[PDB]
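Asks: below is the structure, and that's it, no one-letter string:
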RNA sequence: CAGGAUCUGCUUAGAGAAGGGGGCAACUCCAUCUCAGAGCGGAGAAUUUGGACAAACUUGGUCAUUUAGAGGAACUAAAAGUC
RNA sequence: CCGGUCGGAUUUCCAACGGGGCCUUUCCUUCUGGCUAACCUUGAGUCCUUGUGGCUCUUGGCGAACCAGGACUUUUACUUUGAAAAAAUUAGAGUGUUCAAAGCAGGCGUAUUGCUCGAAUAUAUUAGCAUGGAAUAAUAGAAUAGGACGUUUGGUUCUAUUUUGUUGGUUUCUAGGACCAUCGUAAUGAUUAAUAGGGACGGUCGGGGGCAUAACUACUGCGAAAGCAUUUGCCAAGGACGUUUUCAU
RNA sequence: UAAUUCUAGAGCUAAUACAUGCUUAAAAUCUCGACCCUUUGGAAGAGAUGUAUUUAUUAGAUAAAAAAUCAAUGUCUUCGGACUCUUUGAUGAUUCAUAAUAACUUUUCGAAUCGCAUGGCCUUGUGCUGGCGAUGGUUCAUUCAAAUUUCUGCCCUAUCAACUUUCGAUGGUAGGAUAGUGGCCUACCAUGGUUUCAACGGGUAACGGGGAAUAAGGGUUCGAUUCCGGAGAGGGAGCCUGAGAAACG
RNA sequence: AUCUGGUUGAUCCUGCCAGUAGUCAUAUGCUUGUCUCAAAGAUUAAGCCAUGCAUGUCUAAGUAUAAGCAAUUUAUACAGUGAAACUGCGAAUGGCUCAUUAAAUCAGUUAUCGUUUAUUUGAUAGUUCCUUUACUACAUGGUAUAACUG
């Protein structure tokens, strides 16, 4: 199969090497799993030792994370816009690490009103007792709420789905978002 | 190969066991256990090549199955269980108690001890770490882990272990001027005291040890086993007491002693 | 300049909170290498991002220590060191010269032109043919 | 990527509708003759879509050999006629 | 030498042979902490002729042994000693297998419920590691001084360990990092000039070469070699000698 | 069925096989918040917290002193609020061990097993407790291991002087794959890397070392073969079961 | 730590060809009485192979209604022995050959802060009915097949 030996390449000189042994099981590769979007299909493979890995063949949800507030909720994912390795994964919508997708913004907005009581865009006495407490921490960055009219955020993936099975990540913020948005609307 | 190996040939057996090179073709191979392979001694080299009690292999299994032989207050029947340094071998139908400790020319010596010294055991300190749920432990040279120690213990110190409950009575630090046994290398089995210890960052540290007759030598740090403060060990030492005798000095000391 | 590559570049797991405000530039992270080596000035307050640097990246230094003269700087973030010795031939009672080239890695904290003489230490495999990177420098 | 020979636990109609009480007469009551209905499930063989890994085959084009004869030209003998 | 004697002491001195130590214009280059002994400081305890005597108690100066942070400092070759280079085999110590090659055994008493010695030591033999020495042979340092020392003075910075119990919100010092002019003292700082080499310089010498216009030829002339002979003039080259010139191949 | 360690249909019953599934101390701390009527409020009730899986974000201190300050408070209240208040492992070196906060999951593990003995307590119920040990179990350490990797070292040959880079050759950035690092593979970019101190190619009737024969000293010639390391099972390729094999009884 | 024969009528040299010993170095020729110790299908063909063997395994302690035996007896669940078969573990060790392979193997020497590990030895687990004890067993839930009969 796919082997990871260095005994088939050339030296730093250029001298062609020689066939030394047959191919050994403890240097093997497997097949690349491409991860589409759809209903949950996850298959399990058996590794060195008695361990276990979960290959994800297609999934549709995830578990994403708001950094600056420090809350991580479970949402759905929609589609990939940008991939820095080759752009044949954006035209097929696979799922790797460092892929930039769009999520639906609904449970973060529904959390935001519960935590503060202030809208996005445009009655027990316990509530305003503590809503008055969280007063100074109310406003956020302009350029991130400015997509809550459409419910499509920008988020990158930080979990390897072919190994761990899952697909999680984190929301783009303004320093990093300034880079990618200049990259997003100019390279097309 | 493909898996582990399971035979030991006769000439590849460790030299200080003194198997004679014509009786067979393989040697006993020691099981996986507390002490390392080339630093230990199975229970068949003890009970038929040292004490001369048994005359076969078939006689040793007949001794072990009658549940006589213990190590450290626990019964063993593994016919190649690996007894190593500082272990206590308590037979019962003779009321003898042994302790494994080094000779001077580099061998494992037969040593009889009392019935009260056979209630405890030293052991050095190989690492000290913080375990799961925030408790600490300590690892000895034979592999015992012991949770909840004193904080003043550091690595390369020496603990004293009570073999009954598996617990700690007291401990000895590691600094200049202590009594020290040497458990590996060339000056193997000599006893002396610490002059000082220089350190190399990212390397192997060297101690300088003075004898009692005031002649000095140098070994690496890990072949050094603390025993007690000066003039006062915690264990019953063998004859000679770790004094290196030159070969000139031990012909005539055998000559004049030859009066029988 | 420091953002030329096609993906965003950062010392990972180093978070900037935009809600707070502090007049520092960015929370840079930096370590002490060991063995009595001194982290240079241009790494603690510099602005490069490099994955493979001893004072900033996630590599350790342990193993050997070598020394040699630099003979080619035509790659991007690697150089080539020449080392020279002698070799004894017992029948003829004499010596003969030999040499070996080693390639190492250069953090952008250092500025190395040809002809100098560096000292280098060993890290885990970095490329196909690379296992050292520079840790000190002295000029020509 | 599909495919579904075959097993299968189920819910639930419901008439077949059997025997005891109640128009006691089918029947109706939980006191059981013989079954057509569907409702969601699970396990899963033969066969088939695209890959990577690849032993071999065919075909000429080149070499090395061999081998069969083939055509060669020379020198020499317990070989030898001569100008 | 001395023996001194009911071979080993040596009262005790000598010759060499190797080793420390200080002093001579002169070796670790230091710093902060403990830290231990030790000289001493306000000064007695301690006990000996009575003591700021030391020993050592108290404050206080220190060198002095050890740990820990350092603090900075050209780099090799070679050589000395160490750790670490499996057993078997090789050199080899002990030991009547009946001798031997081998083997690692064996020996002793009452043999009557026994004690007891062994299974050594050597063989860096490249490369790596620890350490002692400074001969031999390389290598770096101040020449346009951005040179070295200064507790000359003006600066620019950057950290806040601390205290304003504590907390967060400010800046005042203070220490604590570097860089910034000019002001002071040191004897301020450049190895000889190879009966090595190159370069000038002055008078000469030669059938040396190019353009133009025999005899003298051995006894000896010139050129890297093959080679080189009529006079006159041009064009450049070259050895040796001479010299209190120059560069440091 | 001529046949081989070939097997079909019908009928029974077990498990440490296969598939499910309960039990249990108290404490604390969080969020929600019925009410309450109020100042500066305090509250019933509710739920959440083992370990393992995946992602994000905090703690993981330490070089030397003192104020002014913005308020808040522990406290004698001195109703001024001045103060009468902190712990922190290991390494030459870490984003290390380890802990917390939000969550997440074709929800992992947390004894429906077996032999011996047979006792103590009672309201005497087959009531309640109770000995020695076999086998299984999650994670950290440990032992037997395994996989890669740093420095220096190989016989003859110039009648082999230039070789490697489409088809990865040398480096950079991001993914894929693996037990894991790495051009190991895939994308976009740079134009590198080896060489008269012999690269690259050709020969070997070449497995490498410990070692063997000969020996004044230096050396010449051997090592298929009792020990350790690698490779192979008629020749190439592929995979199943397993902690471990690209295995050939 | 050693040398002798051979060029010329005669002598001194350069120089090679015979000689002389050793071999754990293989065959071969003629002989051959004793004790101790013992290599042995490597070279050529890593060519081809008739027959038999070389890997299986049970304790008081995972599963017995053998239509097994022993019967012998306190034992109406079973209890002595014990074929066959399921389950567990091992078959990856050992033994044999030297074809490939010239910076590869391999040696002495480092590294894992870059990873997997049955076993062995030592520690290690009140939280898991919807629940804090509300329907729905913990004095204990469900099928399926092997040997065997036909």
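Replies: Cool, the structure landed. Numbers count the residues shown, from 1 in each chain, chains lettered A, B, ... in the order given.

Asks: give the buried residues for stretch B:208-216.
Replies: B:209, B:211 (16 or more other Cβ atoms under 10 Å in any protein chain shown). Where C-beta positions appear, they are placed from N, C-alpha and C, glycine not excepted.

Asks: close to RNA strand E, is that stretch?
Replies: No - counting by Cβ under 7 Å from any atom of the strand, RNA strand E is not contacted by stretch B:208-216; separation bottoms out at 9.2 Å.

Asks: isn't residue C:129 up against residue C:103?
Replies: Yes - using Cβ atoms under 8 Å, residue C:129 is in contact with residue C:103, at 5.8 Å.

Asks: give me the more crowded residue out of those two.
Replies: residue C:103 (18 against 11; other Cβ atoms under 10 Å in any protein chain shown).

Asks: for the more buried one, what are phi and psi?
Replies: When read as degrees, to the nearest 10, the backbone of residue C:103 gives phi -90, psi 140.

Asks: what sits opposite it in the beta ladder?
Replies: Each beta-bridge partner of residue C:103 is listed here, defined by DSSP bridges: residue C:80.

Asks: how about the residues of chain B by RNA strand G?
Replies: Residues of chain B lying near RNA strand G (Cβ under 7 Å from any atom of the strand): B:1-7, B:31-34, B:74, B:137, B:143-147, B:166, B:202.

Asks: if you set the cut-off to 6 Å instead, what comes out?
Replies: For chain B, the residues in contact with RNA strand G (Cβ under 6 Å from any atom of the strand) are B:1-7, B:31-34, B:74, B:143-145, B:147, B:166.

Asks: so who does whatever residue of the stretch 101-250 of chain B ends up closest to RNA strand G touch?
Replies: Of all residues in the stretch 101-250 of chain B, the one sitting closest to RNA strand G is residue B:145 (4.2 Å; Cβ to the nearest atom of the strand). Residues near residue B:145 by Cβ atoms under 8 Å, 6 or more residues apart in numbering or on different chains: B:137-139.

Asks: quick revisit: so which of the residues of chain B next to RNA strand G belong to helices?
Replies: Residues from these lying in helices, with DSSP state H as the criterion: none.

Asks: still on that earlier bit, ok, the contacts of residue B:145 vs chain A, which is closest?
Replies: Chain A lies nearest to residue B:139 out of the contacts of residue B:145, by Cβ to the nearest Cβ, at 24.3 Å.

Asks: helix, strand, or coil at residue 77?
Replies: No chain specified, so I'll use chain A. Under DSSP: H, G, I helix; E, B strand; the rest coil, the three-state class of residue A:77 is strand.

Asks: that's the other chain; I wanted chain B
Replies: Under three-state DSSP, residue B:77 comes out as coil.

Asks: and it, how many neighbours?
Replies: The number of residues packed near residue B:77 is 13, by other Cβ under 10 Å.

Asks: got a list of what the residue lying closest to it once chain neighbours are set aside touches?
Replies: Spatial nearest neighbour of residue B:77, chain neighbours left out: residue B:64 (4.7 Å); criterion: Cβ to Cβ, 6 or more residues apart in numbering or on different chains. Residues in contact with residue B:64 (Cβ under 8 Å, 6+ apart) are B:43, B:76-77, B:79.

Asks: quick one: residue B:61 from residue B:100, how far?
Replies: 21 Å (Cβ to Cβ, to the nearest Å).

Asks: same deal with residue A:16?
Replies: Taking Cβ to Cβ, one finds residue A:16 at 57 Å from residue B:100.

Asks: which of the two has more residues huddled nearby?
Replies: Set residue A:16 next to residue B:100 and count neighbours by other Cβ under 10 Å: residue B:100 wins out with 20 against 8.

Asks: residues contacting that one?
Replies: B:41, B:83-89, B:108, B:111.

Asks: quick one, helices of chain A?
Replies: Here chain A has its helices, by DSSP H, at A:106-115, A:125-131, A:142-145, A:161-164, A:174-184.

Asks: thinking again about what came up before, buried among the contacts of residue B:100? Make that a PyMOL selection.
Replies: Filtering the contacts of residue B:100 down to the buried ones (16+ other Cβ under 10 Å) takes a single PyMOL command:
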select buried, chain B and resi 41+83+84+85+86+87+88+89+108+111
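
Asks: of the contacts of residue B:100, which belong to strands?
Replies: B:41, B:83, B:88-89, B:108 (DSSP state E).

Asks: other SSEs contacting the lengthiest strand in chain B?
Replies: Secondary structure assigned by DSSP E gives strand B:120-130 as the longest strand of chain B. Applying 3 or more Cβ pairs under 8 Å, 6 or more residues apart in numbering or on different chains; DSSP states H and E, we find strand B:120-130 packed against strand B:136-140, strand B:158-162, strand B:224-228.

Asks: can you tell me which of the ones you listed is most buried?
Replies: strand B:224-228 (a mean of 20; mean count of other Cβ atoms under 10 Å in any protein chain shown).

Asks: now the strands for chain C?
Replies: Using DSSP E, the strands of chain C run over residues C:65-72, C:78-89, C:94-105, C:117-122, C:132-138.

Asks: ok and the second one relative to strand C:65-72, angle-wise?
Replies: Between the direction of strand C:78-89 and that of strand C:65-72, the angle (axes from the mean of the first three to the mean of the last three Cα atoms, to 10 degrees) works out to 120 degrees.

Asks: before we move on, what about the third one?
Replies: Inter-element angle recorded for strand C:94-105 and strand C:65-72: 80 degrees (by the same axes, to 10 degrees).

Asks: can you tell me if strand C:94-105 touches RNA strand E.
Replies: No - remark: strand C:94-105 sits outside contact range of RNA strand E, by Cβ under 6 Å from any atom of the strand, the gap being at least 7.7 Å.

Asks: whatever residue of the stretch 1-150 of chain B ends up closest to RNA strand D - how many residues pack around it?
Replies: Nearest to RNA strand D in the stretch 1-150 of chain B, going by Cβ to the nearest atom of the strand, is residue B:2, at a distance of 21.5 Å. Neighbourhood size, residue B:2 [other Cβ under 10 Å]: 4.
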